[PDB]
Amino acid sequence: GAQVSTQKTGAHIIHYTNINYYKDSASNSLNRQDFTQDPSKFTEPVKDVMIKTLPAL
Amino acid sequence: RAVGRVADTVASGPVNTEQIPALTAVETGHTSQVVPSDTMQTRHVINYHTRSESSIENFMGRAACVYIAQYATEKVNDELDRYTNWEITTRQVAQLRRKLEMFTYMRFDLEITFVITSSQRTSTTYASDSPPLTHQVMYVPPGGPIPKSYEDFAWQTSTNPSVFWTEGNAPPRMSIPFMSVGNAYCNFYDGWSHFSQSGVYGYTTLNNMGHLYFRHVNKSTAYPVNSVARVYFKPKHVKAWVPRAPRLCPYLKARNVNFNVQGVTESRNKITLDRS
Amino acid sequence: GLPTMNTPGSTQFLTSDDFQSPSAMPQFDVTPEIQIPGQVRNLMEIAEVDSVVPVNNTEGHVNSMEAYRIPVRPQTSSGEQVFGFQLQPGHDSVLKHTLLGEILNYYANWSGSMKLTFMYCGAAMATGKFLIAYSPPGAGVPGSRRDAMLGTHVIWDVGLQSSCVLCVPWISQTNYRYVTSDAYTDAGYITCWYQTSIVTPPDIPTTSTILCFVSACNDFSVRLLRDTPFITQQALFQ
Amino acid sequence: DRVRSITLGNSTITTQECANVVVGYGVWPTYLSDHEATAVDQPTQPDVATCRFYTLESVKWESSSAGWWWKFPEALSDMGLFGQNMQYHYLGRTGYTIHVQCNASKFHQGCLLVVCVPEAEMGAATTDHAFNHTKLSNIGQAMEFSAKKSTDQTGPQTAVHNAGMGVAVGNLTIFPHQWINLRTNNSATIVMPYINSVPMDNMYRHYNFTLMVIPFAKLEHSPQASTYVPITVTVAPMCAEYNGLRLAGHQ
Amino acid sequence: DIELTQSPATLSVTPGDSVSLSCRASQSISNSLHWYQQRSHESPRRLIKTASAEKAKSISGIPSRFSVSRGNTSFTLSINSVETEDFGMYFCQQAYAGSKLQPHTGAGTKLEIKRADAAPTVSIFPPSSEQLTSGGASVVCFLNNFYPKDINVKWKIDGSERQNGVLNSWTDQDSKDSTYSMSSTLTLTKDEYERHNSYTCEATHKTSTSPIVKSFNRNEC
Amino acid sequence: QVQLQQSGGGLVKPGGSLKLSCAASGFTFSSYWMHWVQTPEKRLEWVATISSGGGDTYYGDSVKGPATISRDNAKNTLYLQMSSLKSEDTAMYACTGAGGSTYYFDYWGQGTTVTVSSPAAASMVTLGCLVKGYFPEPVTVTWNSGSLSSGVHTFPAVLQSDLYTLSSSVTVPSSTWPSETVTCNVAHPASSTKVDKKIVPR
Ligand SMILES: CCCCCCCCCCCCC/C=C/[C@H](O)[C@H](N)CO
């Protein structure tokens, strides 16, 4: 039941093993390693796509 | 590549074309995606920086104090009573409220940790031997039997969850699932309570969260002792929707969102700069 | 039983720990989530959409709508200064209660490049150009347009397209700069000058308007989370 | 290009000058799926009767004007079969296509900000008093902002540099916004989907969003030019469906 | 808590000249603070309101002579210029952040017209036969023409001082020559009245180092 | 405006049921009430007939809008003998009544009793009559049958167990005194009793 994942290391032995003890999904620890993102819903919320090299109007 | 690491700066050079990366039109509501290579001559720089600290889990996932409950072992008035309730909400402290108000609809599993201290009340004498006190914190769901006073029938917790903490141990801690009625916590509810558009306005109507009754388990001490219970919240498994703009004017009331009228920023002398 | 030993750091309450904890309502049935539009997974998605800045924040214009309106007039001699401020996006009086400023005050360090988008708001028949310089802090803030043309600058020509973007670079000896900045991590100075003039046909008013924006590019980052020095309180709100 | 041509039901909109159509948070409005619903009754779906362009009342843009706000779906409560099916129901789920338009000249100047803020919980004009429901929004009237502090008794706070919600007015650009700059632009068009934390909600006890039009750069012209330039807002519901039939409301 | 040490300092002003009131707070200082003057006719006379830095709201009666500003932790009120008639007694009041409620009213000071300082002049007169049969004795002495109230008054009856049943009063400003005056009402018995021969009235000033002696004849008819 | 005019004044007994009525010109409700004993004013109630925190159990219903009846000072405990005010709160210009006091000290009427002083002297002749030991503090002092009401110095009376003392100093030259006739007249509001006394000449 053990799950081995990587550790938050620097940039140029590094694993950690967590085991869920309790029988609830809300009683687990934090998953701090979801860095995914998509800013296209706030920066470019347009219907017709605008390319940078093209003129805008 | 990996996920979350920032983009790079590709190298460029002197250009002379009909392309206009600089010019744009903000009337479309479209923020420009201008890479710094599109304006000047940049070098190839590898960016190893990450956006780990700016995720919603690392931004909200820290403990913050919410409510400071006071209750003693001898009743002297109706604010230092033998027991003390708290209508459970995240809007009474200022620093956690401004973080939760940055998004409209949130959805988090809560995590509550109490730190409970004590201090003898001021009197004419202090010498007494007392065993270590036991504090009881009973969650009351919305629509349950509330304890009217001490030694009540409803302090038995036949279905309510509760803790029993001896002074001097590790602080109590328990996790709470997401327990709204809808699909998200509404941090902003522009609307009324009744269908006639009257009654109470704001997000007060959707704050049906229960209560939290603090008391001592011990019958009495020799001399009266005041206790303080500080409640810390830590939202985990957070999913936030519809980001708001962060509130500028400071808060006034714990129910609604009223405010003084404030200026936009701090002032300065002039619009220019006057040194060489 | 199994012989354990309490290490230093036991029975403590660290504020930023991630430990498991026993649930209070076991086998709770949560309410199923739905596709709600506008989800955020990162604070830099909020700090990447633009927001206007109060460049005209001389007293008393901060508690009014004339804080964002930069006055632009037909000059009588070219090379004057339209405005100017320091590039401290967490401590300057201009860029700290904006959207990029109100996020970066929650953190202690920042990095990357910003985008100052300038949008004209005058008549359709008014023309003219501007010079928007950015001088890194070698020899102080520049004095005139000749002394600012040596730095990083763009010459925005107001025309059919209504708005240009000066993209400030990332020129620093440190990989991160503090928001409440000291003298070790100075960033630079932003000026904006009249290139030629503002010329008009007759029956057009003199005063025009330029709205400045601020954003972040695709390589912005923050670090070292804190609490913001923007909201204070004495007691609990009741 | 600049030319757009919107058509919904039997009432179209033709604009020679436009910027682009910002669509919500990047999603087109659609009906409720079978795995997100909570009701069990079969909903009604009038597609030509409700999903059409309704033109609201006109407002006047002068030099010393502060701004205006409409609250939806209260501003469409008396317009056609949209406001008649609103009274005979309990739940509603619509998306919108807000089309604000203002033409002056090639000699005028000015700039608006057409934004749609979901859950615009407004602060009161005076604190420690709940206010009247007719001072947030009426059935068709455009409630206006002010330049100074509103020392009212049963109204909202209409400080234009605070936008009624206590936030600085500059940071309203996170919400789906467009600028009507009279130098280039003429009309702003936004397509905003149904944004709520529940699948379907009542339409009288909950104003979903608030269309705000705020002049940032004030309007200047020569005195010889035409001094009356209006701002007309035509809003069209989109993908409307209703549930929970009932008698006539609304109380 | 909530301590207001309002409102130093005003003594005394010239008609047409300036003074600067002040008020301090120690509770939640970013409130909706204002002022409230008062004169003993009631006569409300509200004068100013400010919230929170800008938006000063002077009244229509005095719209161009006051000025309030803050802060911090204290706030002032400058007057240019005072004119008689004027209050009186000035109070520093507060509210919460809405809020035209006026709670939290602290103590306050006074300010009046400008005169030269003048010593109080006391004079005593023979009584009538209206207090004889009742067993009492109401000896009459009316002072005249003093300013300000930094004086002293005494009742030395032929070398015998009386503090039992004495009466003290201070009038407001009379409108013929801007004078002030006090009164005297005594309550003696029968056996103590005729023990003396001529009652003596004295009053001191801060300028004069000696009281004024006035003698009347009781048995004169 | 025009506030109010509240009437005023109240009356004994503190057994209960005291009412204070006012009028207005608009003003749909924003009225308050304020009372003071010897200090700066207190504050009850709020911008309604709703209660305040810290005030006593008397919380009066006030009708809407321009009548606001009443204070409803039920079950007095003789602490509340004070002077009440009533603000309106619709700028411009937020002025009060400012009502009338209510102490009034049961029960007897106490018609007026005077002890007139006769001056006997110098270049000025000062004259005043000692209205002594009266219950009702309202009076109306009239000198020289309605001609010498200019130099009258109205003095504060002092309470020592239901007795008051007003005195009105009038100053004449020696062109009338001691030849002509001088007499102070008191029009009495509460009991309507007439006093007339002549200064004896030497
Ligand atoms: C005392 C034994 C442990 C039980 C602890 C108490 C359980 C209650 C936890 C509260 C659950 C969160 C409810 C929502 C909180 C805020 O009001 C929302 N953000 C506003 O709707």
# chains A, B, ... in the order shown; residues from 1 in each chain; ligands from 1
>>> residues_near_ligand(ligand="ligand 1", cutoff="7 Å", atoms="only C-alpha atoms and all ligand atoms", output="list in words")
residues 88, 89, 90, 110, 112, 137, 138, 139, 161, 162, 163, 174, 176, 178, 179, 180, 185, 186, 187, 206, 207, 209, 210 and 212 of chain B; 24 of chain C
>>> interface_residues(of="chain B", to="chain D", cutoff="7 Å", atoms="only C-alpha atoms", output="number ranges by chain")
B: 27-29, 105, 182-184, 186, 188-198, 202, 245-249, 257-259, 261, 264
>>> write_last_selection(atoms="N, CA and C atoms", output="compact mmCIF listing (two decimals), in the first residue's frame")
# COMPACT_ATOMS: atom_id res chain seq x y z
N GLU B 27 -8.54 46.85 -26.39
CA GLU B 27 -9.99 46.90 -26.50
C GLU B 27 -10.61 45.52 -26.71
N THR B 28 -9.83 44.54 -27.16
CA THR B 28 -10.30 43.17 -27.25
C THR B 28 -10.35 42.48 -25.89
N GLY B 29 -9.78 43.08 -24.85
CA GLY B 29 -9.66 42.39 -23.58
C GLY B 29 -8.61 41.30 -23.59
N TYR B 105 -15.79 30.89 -5.75
CA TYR B 105 -16.23 29.58 -5.30
C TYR B 105 -15.02 28.73 -4.99
N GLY B 182 -24.39 22.77 -1.75
CA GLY B 182 -24.10 22.84 -3.17
C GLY B 182 -22.79 22.17 -3.52
N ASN B 183 -22.26 22.53 -4.68
CA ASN B 183 -21.03 21.92 -5.17
C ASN B 183 -19.78 22.71 -4.79
N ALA B 184 -19.93 23.86 -4.15
CA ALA B 184 -18.78 24.69 -3.79
C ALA B 184 -19.17 25.62 -2.65
N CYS B 186 -19.64 29.10 -1.39
CA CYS B 186 -19.88 30.40 -1.99
C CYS B 186 -19.31 31.47 -1.07
N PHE B 188 -19.03 34.50 -2.01
CA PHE B 188 -19.73 35.72 -2.37
C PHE B 188 -21.08 35.34 -2.94
N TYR B 189 -22.15 35.82 -2.32
CA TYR B 189 -23.51 35.49 -2.72
C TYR B 189 -24.30 36.78 -2.82
N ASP B 190 -24.31 37.38 -4.00
CA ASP B 190 -25.06 38.61 -4.24
C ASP B 190 -26.53 38.24 -4.39
N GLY B 191 -27.28 38.36 -3.30
CA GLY B 191 -28.68 38.01 -3.34
C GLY B 191 -29.27 38.00 -1.95
N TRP B 192 -30.58 37.85 -1.91
CA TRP B 192 -31.35 37.96 -0.68
C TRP B 192 -31.65 36.58 -0.12
N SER B 193 -32.36 36.55 1.01
CA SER B 193 -32.69 35.29 1.67
C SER B 193 -34.05 34.76 1.22
N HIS B 194 -35.10 35.53 1.44
CA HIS B 194 -36.42 35.12 1.00
C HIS B 194 -36.62 35.44 -0.47
N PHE B 195 -37.68 34.88 -1.05
CA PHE B 195 -37.99 35.10 -2.45
C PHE B 195 -38.61 36.46 -2.72
N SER B 196 -39.01 37.19 -1.68
CA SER B 196 -39.59 38.51 -1.83
C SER B 196 -38.54 39.61 -1.93
N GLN B 197 -37.26 39.23 -2.00
CA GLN B 197 -36.11 40.14 -1.98
C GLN B 197 -36.14 41.04 -0.75
N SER B 198 -36.11 40.39 0.41
CA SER B 198 -36.12 41.08 1.69
C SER B 198 -35.57 40.13 2.73
N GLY B 202 -26.51 39.11 1.55
CA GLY B 202 -25.10 38.79 1.52
C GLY B 202 -24.87 37.29 1.53
N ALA B 245 -10.95 40.10 -7.63
CA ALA B 245 -9.86 41.03 -7.40
C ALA B 245 -9.69 41.27 -5.90
N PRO B 246 -8.46 41.38 -5.41
CA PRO B 246 -8.25 41.37 -3.95
C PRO B 246 -8.69 42.68 -3.30
N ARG B 247 -9.43 42.54 -2.21
CA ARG B 247 -10.13 43.66 -1.59
C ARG B 247 -9.16 44.65 -0.96
N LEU B 248 -9.40 45.93 -1.23
CA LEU B 248 -8.52 47.02 -0.82
C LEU B 248 -8.89 47.61 0.53
N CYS B 249 -10.15 47.98 0.71
CA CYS B 249 -10.60 48.60 1.95
C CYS B 249 -10.70 47.56 3.06
N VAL B 257 -20.07 42.73 3.75
CA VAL B 257 -18.80 43.14 3.16
C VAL B 257 -18.68 44.65 3.10
N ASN B 258 -19.22 45.35 4.09
CA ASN B 258 -19.20 46.80 4.09
C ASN B 258 -17.78 47.34 4.30
N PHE B 259 -17.61 48.62 3.98
CA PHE B 259 -16.27 49.19 3.89
C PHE B 259 -16.34 50.70 4.00
N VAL B 261 -14.88 54.19 2.40
CA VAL B 261 -14.42 54.59 1.08
C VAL B 261 -12.96 55.02 1.20
N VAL B 264 -7.25 54.78 -3.89
CA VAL B 264 -6.74 53.61 -4.61
C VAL B 264 -5.36 53.23 -4.10
>>> residues_around(residues="stretch 4-13 of chain C", least_positions_apart="2", cutoff="10 Å", atoms="only C-alpha atoms", output="PyMOL selection string")
(chain B and resi 63+113-115+168-173) or (chain C and resi 1-2+15-17)
>>> interface_residues(of="chain E", to="chain F", cutoff="6 Å", atoms="only C-alpha atoms", output="PyMOL selection string")
chain E and resi 42+44+103+125+127+130+169+171+221
>>> write_last_selection(atoms="N, CA, C and O atoms", output="compact mmCIF listing (two decimals), in the first residue's frame")
# COMPACT_ATOMS: atom_id res chain seq x y z
N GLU E 42 -29.73 74.92 23.90
CA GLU E 42 -30.07 73.68 23.21
C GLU E 42 -31.06 73.93 22.07
O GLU E 42 -32.21 73.50 22.13
N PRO E 44 -28.72 72.79 19.23
CA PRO E 44 -27.76 71.72 18.89
C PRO E 44 -26.46 72.21 18.28
O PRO E 44 -25.40 72.00 18.87
N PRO E 103 -22.24 58.31 18.61
CA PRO E 103 -21.87 57.89 19.97
C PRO E 103 -20.48 58.36 20.35
O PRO E 103 -19.88 59.15 19.61
N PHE E 125 -26.74 95.69 50.71
CA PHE E 125 -27.89 96.57 50.86
C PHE E 125 -28.74 96.15 52.05
O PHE E 125 -28.74 94.98 52.44
N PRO E 127 -31.89 94.89 54.18
CA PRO E 127 -33.03 94.03 53.81
C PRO E 127 -34.38 94.68 54.08
O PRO E 127 -34.46 95.84 54.49
N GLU E 130 -39.61 91.17 55.13
CA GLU E 130 -40.23 89.96 54.61
C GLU E 130 -39.58 88.68 55.13
O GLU E 130 -40.17 87.61 55.02
N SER E 169 -23.74 81.40 42.36
CA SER E 169 -24.24 81.36 40.99
C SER E 169 -23.31 82.15 40.08
O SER E 169 -22.60 83.06 40.52
N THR E 171 -23.69 83.94 36.14
CA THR E 171 -24.51 84.20 34.97
C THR E 171 -23.67 84.07 33.70
O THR E 171 -22.45 83.94 33.73
N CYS E 221 -33.24 103.56 58.91
CA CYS E 221 -34.56 103.46 58.30
C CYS E 221 -35.01 104.81 57.77
O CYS E 221 -34.18 105.70 57.55
>>> residues_around(residues="stretch 83-96 of chain E", least_positions_apart="5", cutoff="7 Å", atoms="only C-alpha atoms", output="PyMOL selection string")
chain E and resi 6+15-16+23+31-39+101-113
>>> interface_residues(of="chain E", to="chain B", cutoff="8 Å", atoms="only C-alpha atoms", output="ChimeraX atom specification")
/E:52,97-98
>>> closest_residue(among="E:99, E:181, E:197, E:80", to="chain D", atoms="only C-alpha atoms")
E:99
>>> closest_residue(among="E:21, E:54, E:43, E:219", to="chain D", atoms="only C-alpha atoms")
E:54
>>> residues_around(residues="residue F:135", least_positions_apart="2", cutoff="12 Å", atoms="only C-alpha atoms", output="VMD selection string")
chain F and resid 103 to 113 131 to 133 137 to 139 157 to 166 188 to 191
>>> select_by_dssp(residues="stretch 165-261 of chain B", states="strand (DSSP E or B)", output="PyMOL selection string")
chain B and resi 165-166+173-176+185-186+211-216+225-233+236-243+247
>>> write_last_selection(atoms="N, CA and C atoms", output="compact mmCIF listing (two decimals), in the first residue's frame")
# COMPACT_ATOMS: atom_id res chain seq x y z
N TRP B 165 -9.14 17.00 25.72
CA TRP B 165 -7.72 17.31 25.72
C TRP B 165 -7.25 17.67 27.12
N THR B 166 -6.23 16.97 27.59
CA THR B 166 -5.59 17.27 28.86
C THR B 166 -4.52 18.34 28.62
N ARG B 173 -6.38 17.93 16.96
CA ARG B 173 -6.36 18.09 15.52
C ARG B 173 -7.30 17.07 14.90
N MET B 174 -8.13 17.52 13.96
CA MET B 174 -9.02 16.63 13.23
C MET B 174 -9.33 17.24 11.87
N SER B 175 -9.63 16.38 10.90
CA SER B 175 -9.93 16.80 9.54
C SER B 175 -11.43 16.74 9.29
N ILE B 176 -11.94 17.71 8.53
CA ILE B 176 -13.35 17.83 8.22
C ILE B 176 -13.51 17.78 6.71
N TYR B 185 -18.17 26.06 -1.91
CA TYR B 185 -18.36 27.09 -0.90
C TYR B 185 -18.51 28.43 -1.60
N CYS B 186 -19.64 29.10 -1.39
CA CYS B 186 -19.88 30.40 -1.99
C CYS B 186 -19.31 31.47 -1.07
N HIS B 211 -21.92 24.99 14.99
CA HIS B 211 -21.35 25.71 16.12
C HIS B 211 -20.20 24.90 16.69
N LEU B 212 -19.60 25.41 17.76
CA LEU B 212 -18.44 24.78 18.39
C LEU B 212 -18.43 25.19 19.86
N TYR B 213 -18.89 24.31 20.73
CA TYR B 213 -19.08 24.63 22.14
C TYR B 213 -17.87 24.18 22.95
N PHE B 214 -17.23 25.13 23.62
CA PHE B 214 -16.09 24.87 24.48
C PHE B 214 -16.54 24.85 25.93
N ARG B 215 -15.94 23.98 26.74
CA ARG B 215 -16.22 23.91 28.17
C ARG B 215 -15.08 23.19 28.86
N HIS B 216 -15.06 23.30 30.19
CA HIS B 216 -14.20 22.48 31.02
C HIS B 216 -14.92 21.21 31.41
N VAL B 225 -9.91 30.00 37.16
CA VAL B 225 -8.88 30.04 36.13
C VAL B 225 -9.54 30.31 34.78
N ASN B 226 -9.00 31.28 34.04
CA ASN B 226 -9.48 31.59 32.71
C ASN B 226 -8.75 30.74 31.68
N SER B 227 -9.48 30.29 30.67
CA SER B 227 -8.91 29.52 29.58
C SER B 227 -9.16 30.24 28.26
N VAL B 228 -8.24 30.05 27.33
CA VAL B 228 -8.31 30.65 26.00
C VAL B 228 -8.15 29.53 24.98
N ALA B 229 -9.03 29.49 23.99
CA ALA B 229 -8.97 28.50 22.93
C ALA B 229 -8.85 29.22 21.60
N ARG B 230 -7.77 28.96 20.87
CA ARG B 230 -7.52 29.57 19.57
C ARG B 230 -7.71 28.51 18.50
N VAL B 231 -8.55 28.81 17.51
CA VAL B 231 -8.95 27.85 16.49
C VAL B 231 -8.20 28.15 15.20
N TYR B 232 -7.49 27.16 14.68
CA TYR B 232 -6.70 27.31 13.47
C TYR B 232 -7.31 26.47 12.35
N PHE B 233 -7.43 27.06 11.16
CA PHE B 233 -7.95 26.38 10.00
C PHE B 233 -6.84 26.17 8.98
N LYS B 236 -7.18 21.99 3.00
CA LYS B 236 -6.49 21.07 2.11
C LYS B 236 -7.45 20.55 1.06
N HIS B 237 -6.87 19.99 -0.01
CA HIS B 237 -7.58 19.56 -1.23
C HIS B 237 -8.40 20.71 -1.81
N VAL B 238 -7.73 21.81 -2.14
CA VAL B 238 -8.40 23.05 -2.47
C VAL B 238 -8.63 23.13 -3.97
N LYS B 239 -9.85 23.51 -4.36
CA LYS B 239 -10.19 23.79 -5.75
C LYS B 239 -10.92 25.12 -5.78
N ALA B 240 -10.30 26.14 -6.36
CA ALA B 240 -10.84 27.49 -6.37
C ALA B 240 -11.32 27.86 -7.76
N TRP B 241 -12.42 28.61 -7.82
CA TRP B 241 -13.05 28.97 -9.07
C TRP B 241 -13.35 30.47 -9.09
N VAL B 242 -13.32 31.04 -10.29
CA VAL B 242 -13.70 32.43 -10.61
C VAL B 242 -12.91 33.41 -9.75
N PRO B 243 -11.65 33.70 -10.09
CA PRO B 243 -10.82 34.55 -9.23
C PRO B 243 -11.33 35.99 -9.18
N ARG B 247 -9.43 42.54 -2.21
CA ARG B 247 -10.13 43.66 -1.59
C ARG B 247 -9.16 44.65 -0.96
>>> residues_around(residues="residue A:41", least_positions_apart="2", cutoff="10 Å", atoms="only C-alpha atoms", output="number ranges by chain")
A: 38-39, 43-46; C: 37-40, 45, 49; D: 23-27, 174, 176
>>> write_last_selection(atoms="N, CA and C atoms", output="PDB file, in the first residue's frame")
ATOM      1  N   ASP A  38      -3.039  26.527 -16.705  1.00  0.00           N
ATOM      2  CA  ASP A  38      -3.447  26.962 -18.034  1.00  0.00           C
ATOM      3  C   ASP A  38      -4.045  28.364 -17.970  1.00  0.00           C
ATOM      4  N   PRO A  39      -3.263  29.402 -18.270  1.00  0.00           N
ATOM      5  CA  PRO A  39      -3.764  30.775 -18.162  1.00  0.00           C
ATOM      6  C   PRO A  39      -4.556  31.262 -19.365  1.00  0.00           C
ATOM      7  N   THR A  43      -6.000  35.271 -19.892  1.00  0.00           N
ATOM      8  CA  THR A  43      -5.192  36.139 -20.738  1.00  0.00           C
ATOM      9  C   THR A  43      -5.777  36.269 -22.139  1.00  0.00           C
ATOM     10  N   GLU A  44      -6.171  35.157 -22.762  1.00  0.00           N
ATOM     11  CA  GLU A  44      -6.725  35.161 -24.116  1.00  0.00           C
ATOM     12  C   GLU A  44      -8.110  34.520 -24.135  1.00  0.00           C
ATOM     13  N   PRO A  45      -9.140  35.191 -23.591  1.00  0.00           N
ATOM     14  CA  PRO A  45     -10.495  34.630 -23.601  1.00  0.00           C
ATOM     15  C   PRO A  45     -11.306  35.043 -24.825  1.00  0.00           C
ATOM     16  N   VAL A  46     -10.700  34.960 -26.003  1.00  0.00           N
ATOM     17  CA  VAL A  46     -11.311  35.486 -27.214  1.00  0.00           C
ATOM     18  C   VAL A  46     -11.855  34.344 -28.058  1.00  0.00           C
TER      19      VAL A  46
ATOM     20  N   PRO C  37     -16.903  27.120 -14.646  1.00  0.00           N
ATOM     21  CA  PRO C  37     -15.896  27.807 -15.457  1.00  0.00           C
ATOM     22  C   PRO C  37     -15.027  28.734 -14.618  1.00  0.00           C
ATOM     23  N   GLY C  38     -13.821  28.973 -15.122  1.00  0.00           N
ATOM     24  CA  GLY C  38     -12.889  29.852 -14.453  1.00  0.00           C
ATOM     25  C   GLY C  38     -12.135  29.236 -13.300  1.00  0.00           C
ATOM     26  N   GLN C  39     -11.494  28.089 -13.501  1.00  0.00           N
ATOM     27  CA  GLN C  39     -10.734  27.470 -12.425  1.00  0.00           C
ATOM     28  C   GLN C  39      -9.303  27.986 -12.418  1.00  0.00           C
ATOM     29  N   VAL C  40      -8.781  28.247 -11.224  1.00  0.00           N
ATOM     30  CA  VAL C  40      -7.389  28.634 -11.048  1.00  0.00           C
ATOM     31  C   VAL C  40      -6.636  27.491 -10.383  1.00  0.00           C
ATOM     32  N   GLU C  45      -1.587  32.751 -12.754  1.00  0.00           N
ATOM     33  CA  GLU C  45      -2.628  32.948 -13.755  1.00  0.00           C
ATOM     34  C   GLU C  45      -3.452  34.191 -13.456  1.00  0.00           C
ATOM     35  N   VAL C  49      -2.969  38.506 -16.156  1.00  0.00           N
ATOM     36  CA  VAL C  49      -3.929  39.379 -16.816  1.00  0.00           C
ATOM     37  C   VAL C  49      -3.610  40.810 -16.397  1.00  0.00           C
TER      38      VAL C  49
ATOM     39  N   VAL D  23     -15.314  35.568 -24.973  1.00  0.00           N
ATOM     40  CA  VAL D  23     -16.292  34.575 -24.550  1.00  0.00           C
ATOM     41  C   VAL D  23     -15.960  34.043 -23.153  1.00  0.00           C
ATOM     42  N   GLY D  24     -16.516  34.722 -22.146  1.00  0.00           N
ATOM     43  CA  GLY D  24     -16.576  34.237 -20.773  1.00  0.00           C
ATOM     44  C   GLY D  24     -15.238  33.927 -20.153  1.00  0.00           C
ATOM     45  N   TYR D  25     -15.158  32.750 -19.546  1.00  0.00           N
ATOM     46  CA  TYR D  25     -13.900  32.191 -19.070  1.00  0.00           C
ATOM     47  C   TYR D  25     -13.400  31.108 -20.010  1.00  0.00           C
ATOM     48  N   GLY D  26     -13.630  31.291 -21.305  1.00  0.00           N
ATOM     49  CA  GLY D  26     -13.190  30.327 -22.291  1.00  0.00           C
ATOM     50  C   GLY D  26     -14.119  29.152 -22.477  1.00  0.00           C
ATOM     51  N   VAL D  27     -15.429  29.377 -22.406  1.00  0.00           N
ATOM     52  CA  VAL D  27     -16.405  28.308 -22.585  1.00  0.00           C
ATOM     53  C   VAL D  27     -17.688  28.912 -23.145  1.00  0.00           C
ATOM     54  N   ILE D 174      -9.795  41.096 -14.358  1.00  0.00           N
ATOM     55  CA  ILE D 174      -9.756  39.636 -14.297  1.00  0.00           C
ATOM     56  C   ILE D 174     -11.049  39.062 -14.849  1.00  0.00           C
ATOM     57  N   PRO D 176     -14.394  38.941 -17.278  1.00  0.00           N
ATOM     58  CA  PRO D 176     -14.409  39.145 -18.736  1.00  0.00           C
ATOM     59  C   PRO D 176     -14.813  40.549 -19.151  1.00  0.00           C
TER      60      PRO D 176
END
>>> residues_around(residues="residue A:57", least_positions_apart="5", cutoff="8 Å", atoms="only C-alpha atoms", output="ChimeraX atom specification")
/B:25 /C:160-161 /D:1-2,19
>>> write_last_selection(atoms="C-alpha atoms", output="JSON list (two decimals), in the first residue's frame")
[["chain", "number", "residue", "atom", "x", "y", "z"],
["B", 25, "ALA", "CA", -5.26, 46.44, -29.03],
["C", 160, "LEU", "CA", -4.76, 52.83, -36.19],
["C", 161, "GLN", "CA", -3.59, 50.32, -33.62],
["D", 1, "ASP", "CA", -11.57, 41.88, -39.10],
["D", 2, "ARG", "CA", -13.97, 44.47, -37.70],
["D", 19, "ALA", "CA", -12.88, 44.61, -31.64]]
>>> interface_residues(of="chain A", to="chain B", cutoff="8 Å", atoms="only C-alpha atoms", output="JSON, numbers by chain")
{"A": [11, 26, 27, 29, 30, 31, 32, 33, 34, 35, 36, 37, 43, 44, 45, 46, 52, 53, 54, 55, 56, 57]}
>>> closest_residue(among="B:181, B:102, B:154, B:273", to="residue B:244", atoms="only C-alpha atoms")
B:102
